[PDB]
Protein chains: 2
Amino acid sequence: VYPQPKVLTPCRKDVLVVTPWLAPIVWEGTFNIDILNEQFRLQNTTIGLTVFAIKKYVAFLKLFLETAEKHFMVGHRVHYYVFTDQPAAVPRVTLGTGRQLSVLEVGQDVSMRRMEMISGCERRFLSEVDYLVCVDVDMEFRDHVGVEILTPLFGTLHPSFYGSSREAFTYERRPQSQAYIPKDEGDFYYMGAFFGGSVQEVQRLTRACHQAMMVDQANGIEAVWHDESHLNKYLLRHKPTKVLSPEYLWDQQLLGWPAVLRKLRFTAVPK
Amino acid sequence: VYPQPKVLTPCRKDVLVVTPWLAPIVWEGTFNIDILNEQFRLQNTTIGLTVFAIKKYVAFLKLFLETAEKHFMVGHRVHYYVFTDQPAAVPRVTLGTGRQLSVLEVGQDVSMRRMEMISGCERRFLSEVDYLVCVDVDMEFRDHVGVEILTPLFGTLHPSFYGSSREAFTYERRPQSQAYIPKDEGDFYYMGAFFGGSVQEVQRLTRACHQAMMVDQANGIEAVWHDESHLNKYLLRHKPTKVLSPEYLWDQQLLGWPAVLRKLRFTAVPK
Ligand SMILES: O=c1ccn([C@@H]2O[C@H](COP(=O)(O)OP(=O)(O)O)[C@@H](O)[C@H]2O)c(=O)[nH]1
Ligand SMILES: O=c1ccn([C@@H]2O[C@H](COP(=O)(O)OP(=O)(O)O)[C@@H](O)[C@H]2O)c(=O)[nH]1
Ligand SMILES: OC[C@H]1O[C@@H](O)[C@H](O)[C@@H](O)[C@H]1O
Ligand SMILES: OC[C@H]1O[C@@H](O)[C@H](O)[C@@H](O)[C@H]1O
Ligand SMILES: [Mn+2]
Ligand SMILES: [Mn+2]
């Protein structure tokens, strides 16, 4: 038994909860997590979480993993993939049942080469997980981040730009660049710090983005916000099937806690 | 170029536009059809439309097909499947390009055996269409019914019950019946006159419903609203990925034209 949804009473009247191509925009009050959890557990869903911790960024892993254990996909199977140049620096964090961590040793370019890196690993991710979630490491989970986000392809609204008009969006504006988006085009401005989807869709996106960055390199141009520019051009042409609200990528220090955010789920750590 | 969606201005504030399991509820103002049409045309989508016209109900086919040609999936590939006991009575209606009609000659039970009938035809539908849409024939299209409805599995809100509480829903209430739903369970009350989805999901539903009706027959009980009872129990246990609003199944004679319905798309013909 759960509350009956009533078609003439919306739960959120303050925010857009569906995109114009009928992809849910994920806000607190839009979902009944008990239903979603059942649906995903019936498929024995496994969620992969990829995070890069190169050089000094290994310092962010303890809090990132500790808070993931508290809030990320709790109850579901989780496989953390930690890409690092320092395998011995990965903290040994105690994990809940059904949860595992692998350390993958790896060699503008650090942020940029993630797309490349997410796409060798190609067959390993396909056999091991159902979905892949790709996040920044300099973050902490503060509240529930669960199977509501899962879908073939998702992006996340950039917290600086969700109330803005498209002309303000910092898309790549040089036609020279594979990331180019004209001033009168564009749905949203997505942040590169949180995207994902099915393994197939994430491999497609990361391959596409990597292919497009190489083309730009071979043309002597670097998109303005780098991987995030290409991510935005990809998601314009291949629209995500869910969009996460800024509950899922916030910075309380810079932006506070507005009323429209009922929960602050995944937030920046000061650096 | 199209209007930018703005996350802090919802287009519909009056109605629920997403279910609690994050399936869009399809209302005018929720979708940009230009985006959707492009997405579906890139896949060369073919939509099958099944309709039964047995005995006197052949009289409803001319208006049904004529108005489908005006409003149903215009621009997309369409294959009408007309199940009838009178093949010579099917009117010869002129069709738009990319649209074809097949006549399938067939033998409470007429409405009920549709599930059976939709599921022989099994391999024929799989090769011929991407989606199947299953409707009543005693209807007319009055406005756009297009690719916004398409998804793996959909049902449609019954126009008598979209403002009601679940205790009022005329679900099967006898535990004896495969269609049984307890008084404190249930999301919506779906009408049997308009459902569909991918061919795989529709074959699964129709097979399930047929299997459940047989079990009831072998137990001496007939669910209260017959196929619609079983459809409602199926959709409770296997939640649809889109829900159509009552714009998609209405009766102006009985129910008028309320403000909450911006368009009346598919309506009952007086009989
Ligand atoms: O020296 C570095 C710089 C970046 N990163 C990774 O690349 C991500 C994006 O960079 P950063 O968080 O610095 O970008 P910002 O959020 O400030 O724009 C980081 O979270 C890390 O996962 C890293 O591991 N080592
Ligand atoms: O003699 C009949 C009775 C029913 N039907 C089909 O079964 C559907 C459902 O029946 P009906 O429309 O009578 O049900 P209602 O909408 O009144 O409940 C009809 O649209 C027809 O497609 C038919 O073809 N011949
Ligand atoms: O491109 C706009 C920029 O927004 C900043 O607020 C953010 O720190 C950058 O990483 C980039 O996303
Ligand atoms: O079960 C409730 C009933 O609602 C009636 O209004 C409709 O005519 C019936 O076909 C059935 O759907
Ligand atoms: Mn960061
Ligand atoms: Mn009817």
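Residues numbered from 1 in each chain as written, not as in the entry; some residues may be left out. Chains lettered and ligands numbered in written order. Heavy atoms only, no water.

Determination of this PDB entry was carried out by X-ray crystallography to a resolution of 1.8000 Å, according to the record.

Peer 1: Whenever I open this one, the coordination of the manganese ion (ligand 5) confuses me. Can you help?
Peer 2: When four donors bind a metal tetrahedrally, each ideal donor-metal-donor angle is 109.5 degrees, and when six bind octahedrally, the ideal angles are 90 or 180 degrees. Residues and elements named next belong to chain A. Protein-derived coordination of the manganese ion (ligand 5) comes from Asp-136 (OD) and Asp-138 (OD), at a distance range of 2.2 to 2.3 Å. Take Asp-136: its relative accessible area is 19%, and that puts it in the buried class. The exposure class assigned to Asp-138 is buried, which follows from its relative accessible area of 8%. (Donors = N, O, S within 2.8 Å, 3.2 Å for Na, K, Ca; no water. Buried < 20%, exposed > 50% of the residue type's maximum accessible area, 1.4 Å probe, protein only.)

Peer 1: How should I be thinking about the state of the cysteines in this particular structure?
Peer 2: Disulfide: a covalent bond formed between the sulfur atoms of two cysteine residues. Applying the stated criterion to the full structure yields zero disulfides over all chains. Looking at the unpaired B:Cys11, the closest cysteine sulfur is the one in A:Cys11, lying at 18 Å. (Disulfide = S-S within 2.5 Å.)

Peer 1: Help me understand the UniProt feature "active site" (unreviewed entry) in chain A, please; the structure alone is not making it clear to me.
Peer 2: Residue and element names in this part refer to chain A. According to UniProt, the positions carrying the feature "active site" (unreviewed entry) are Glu-228. As for its position among the elements, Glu-228 is in helix α6 (residues 227-237). Excluding its chain neighbours within four sequence positions, the residues that come into contact with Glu-228 are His-158, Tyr-189, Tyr-190, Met-191 and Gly-192. A polar side-chain atom of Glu-228 sits 2.5 Å from a polar atom in the side chain of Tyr-189. (UniProt positions renumbered as here; feature names shortened; annotations may be inferred. Helix = DSSP H or I, 4+ residues; strand = E, 2+ residues; numbered from the N terminus. Contact = heavy atoms within 4.5 Å. Polar contact = N/O pair within 3.5 Å; in protein donor to acceptor, adjacent residues only side chain to side chain.)

Peer 1: Before we go on, may I ask you to explain the coordination of the manganese ion (ligand 6) in this structure?
Peer 2: Around the manganese ion (ligand 6), the donor atoms from the protein are B:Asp136 (OD) and B:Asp138 (OD), and they sit 2.2 to 2.3 Å away. Taken as a pair, B:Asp136 and B:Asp138 share a single burial class, namely buried.

Peer 1: Help me understand the relation of the copies chain B and chain A in this model?
Peer 2: Superposing the two chain copies requires a rotation about an axis and a translation along that axis. Note on the copies: chain B fits chain A at an RMSD of 0.0 Å, the axial shift is 0.0 Å, and the rotation between them is 180 degrees. In symmetry terms, the pair is related by a two-fold rotation axis. When each C-alpha of chain B is compared by its distance to the rotation axis, B:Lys13 comes out closest, at 2.5 Å. A share of 100% of interface residues in chain B that are also interface residues in chain A marks the association as one of identical surfaces. (Least-squares fit on C-alpha atoms.)

Peer 1: What should I look at first to understand the UniProt feature "binding site: UDP-N-acetyl-alpha-D-galactosamine" (unreviewed entry) in chain A in this one?
Peer 2: All names here are of chain A. In the numbering adopted here, UniProt assigns the feature "binding site: UDP-N-acetyl-alpha-D-galactosamine" (unreviewed entry) to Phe-52, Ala-53, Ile-54, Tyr-57, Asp-136, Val-137 and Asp-138. Inspection of the secondary structure assignment puts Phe-52 in strand β2 (residues 46-53). Aside from chain neighbours lying at most four places away, what touches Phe-52 is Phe-83, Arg-114, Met-117, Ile-118 and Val-137. The buried category is assigned to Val-137, whose relative accessible area is 3%. Apart from residues lying up to four places away in sequence, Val-137 is in contact with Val-51, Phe-52, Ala-53, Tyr-57, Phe-60, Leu-61 and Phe-64.

Peer 1: For this particular structure, what's the right way to read the site of ligand 4?
Peer 2: All names here are of chain B. In the region of ligand 4, the neighbouring residues are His-158, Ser-160, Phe-161, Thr-170, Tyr-189, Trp-225 and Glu-228. The contact in question runs from an oxygen atom of ligand 4 to an N or O atom on the side chain of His-158, over 2.7 Å. Within the side chain of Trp-225, an N or O atom sits 2.9 Å from an oxygen atom of ligand 4. Surface burial for ligand 4 is 63%, taken as the share of its 310 Å² of free accessible area covered by protein chains. (Near = heavy atom within 4 Å. Areas by Shrake-Rupley, 256 points an atom, 1.4 Å probe, with all protein chains shown as cover.)

Peer 1: How do you make sense of the sheet that holds strand β5 (residues 131-135) of chain A when you look at a structure like this?
Peer 2: Strand pairs in the sheet, formed through backbone hydrogen bonds, run parallel or antiparallel to each other. All names here are of chain A. Here we have eight strands laid out as an open sheet, ordered β1-β9-β7-β8-β5-β2-β3-β4, and mixed in their pairing. At either end of the open sheet lies a strand with only one pairing partner, and these are β1 (25-26) and β4 (99-105). Judged from the two bridges that link them, β1 and strand β9 (residues 242-244) form a sheet pairing that is parallel. Bridging from a neighbouring strand, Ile-25 pairs with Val-243 of β9. (Pairing = 2+ DSSP bridges.)

Peer 1: Whenever I open this one, the sheet that holds strand β3 (residues 77-84) of chain B confuses me. Can you help?
Peer 2: Residue and element names in this part refer to chain B. In space, the eight strands of this open sheet follow the order β1-β9-β7-β8-β5-β2-β3-β4, with mixed pairing throughout. Strands at the two margins of the open sheet, each flanked by one partner only, are β1 (25-26) and β4 (99-105). Against the sheet, helix α3 (residues 109-118) contacts β2 (46-53), β3, β5 (131-135) and β8 (194-198), and its axis sits at roughly 140 degrees relative to β2. (Axes fitted to C-alpha atoms, helices over the stretch in contact; angles between N-to-C directions.)

Peer 1: Got a minute to help me understand the environment of A:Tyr171 in this structure?
Peer 2: Residue and element names in this part refer to chain A. Relative to the helices and strands, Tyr-171 is located in the loop between β7 (153-156) and β8 (194-198). Judged by its relative accessible area of 5%, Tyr-171 is buried. Along the backbone, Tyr-171 and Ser-229 are 58 residues apart, and their C-alpha atoms lie at a distance of 5.9 Å.

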